[PDB]
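To start, the structure under review is shown below, and the notes come after it.
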Amino acid sequence: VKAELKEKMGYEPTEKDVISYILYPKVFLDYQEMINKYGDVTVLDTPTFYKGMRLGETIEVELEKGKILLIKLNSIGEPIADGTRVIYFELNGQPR
Amino acid sequence: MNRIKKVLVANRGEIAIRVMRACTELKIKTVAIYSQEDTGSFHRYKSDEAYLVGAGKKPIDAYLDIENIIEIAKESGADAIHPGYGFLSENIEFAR
């Protein structure tokens, strides 16, 4: 299994990652797939985690000791053909 | 480029931008600073990061908040500061 997972996961798993997979396989991969997509969300303040951001709101998130992202949401783009829309942010003052 | 990895641009407008351009041409990260009245000035969008500086200060006084700028410089990880021209370009206290 440890090898099955390693092939399933991007890389080599820890002992803990393994048991978890065994106990909850469907969810553990789903969890992995999700963490790859969005990164370690554990860090976001709860309201942001459940409610996202208000327009013109600015928040800070601590990814690690001393590593803070200043994040502001300016406005939200209009949808295009296939429903996609651009969201307008300022990550660390720099527009993104 | 050797011991400057990142630089703060302690100015606004045309001159601020020219510096940013220089840094980027030299693979040096850049940090901008904007007063409340300059949330709009497109020098702040031209950097790799940006922070408000002169909080509650009169608009010209805002780019002269020496102490604030150093805290911003220190929190950013900025190896150096370029004061451009005018404002704190010639101010001794800041230089020291």
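Side notes on the structure shown:
- Test: residue in segment B:55-72 that is within 25 Å of residue A:56 (Cβ to Cβ), away from chain A (no Cβ under 14 Å) and of a type in the set (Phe, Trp, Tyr): yes
- Restricting segment B:5-14 to residues that are within 23 Å of residue A:68 (Cβ to Cβ) and more than 14 Å from chain A (Cβ to nearest Cβ), the residue that is surrounded by the most Cβ atoms within 10 Å (Cβ to Cβ) is B:10.
- Residues being assigned to a strand (DSSP E or B), within 14 Å of chain B (Cβ to nearest Cβ) and within 19 Å of the chain's Cα centre (by Cα) - total across segment A:65-76: 6
Quick grid of which residues meet (1) within 14 Å of chain A (Cβ to nearest Cβ); (2) closer than 19 Å to residue A:68 by Cα; (3) of a type outside the set (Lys, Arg):
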{"position": "B:16", "(1), (2), (3)": "yes, no, yes"}
{"position": "B:37", "(1), (2), (3)": "no, no, yes"}
{"position": "B:40", "(1), (2), (3)": "yes, no, yes"}
{"position": "B:48", "(1), (2), (3)": "yes, yes, yes"}
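- Inter-residue pairs, beta-carbon under 8 Å, first in contact (Cβ under 8 Å) with a residue 40 or more places away in the chain and part of a helix (DSSP H, G or I) and in segment B:41-64, second surrounded by 22 or more Cβ atoms within 10 Å (Cβ to Cβ) and not small (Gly, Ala, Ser), 6+ apart: B:63/B:11; B:63/B:12; B:63/B:33; B:63/B:53
- Picking from residues in segment B:18-35 that are within 12 Å of another protein chain (Cβ to nearest Cβ) and among the hydroxyl-bearing types (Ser, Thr, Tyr), the one that is surrounded by the fewest Cβ atoms within 10 Å (Cβ to Cβ) is B:34.
- Residues within segment A:1-56 that are in a loop (DSSP other than H, G, I, E, B) and surrounded by 14 or more Cβ atoms within 10 Å (Cβ to Cβ), tallied: 4
- Considering residues of segment A:77-96 that are aliphatic (A, V, I, L, M) and over 19 Å from the mean Cα position of the chain (by Cα) only, the residue nearest to the other protein chains (Cβ to nearest Cβ): A:80
- A Cβ distance below 6 Å, combined with a sequence gap of six or more or placement on separate chains, defines the contacts here; from segment B:70-96, residues that are crowded, with 17+ Cβ neighbours inside 10 Å reach residues that are part of a loop (DSSP other than H, G, I, E, B) in the pairs B:81/B:10; B:83/B:10; B:84/B:11; B:87/B:11; B:88/B:10.
Taken together, the values in this text are just the output of simple stated rules run on the coordinates, not laboratory data. No Cβ is skipped: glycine too gets one built from the backbone with ideal geometry, and neighbour counts run over all protein chains shown.
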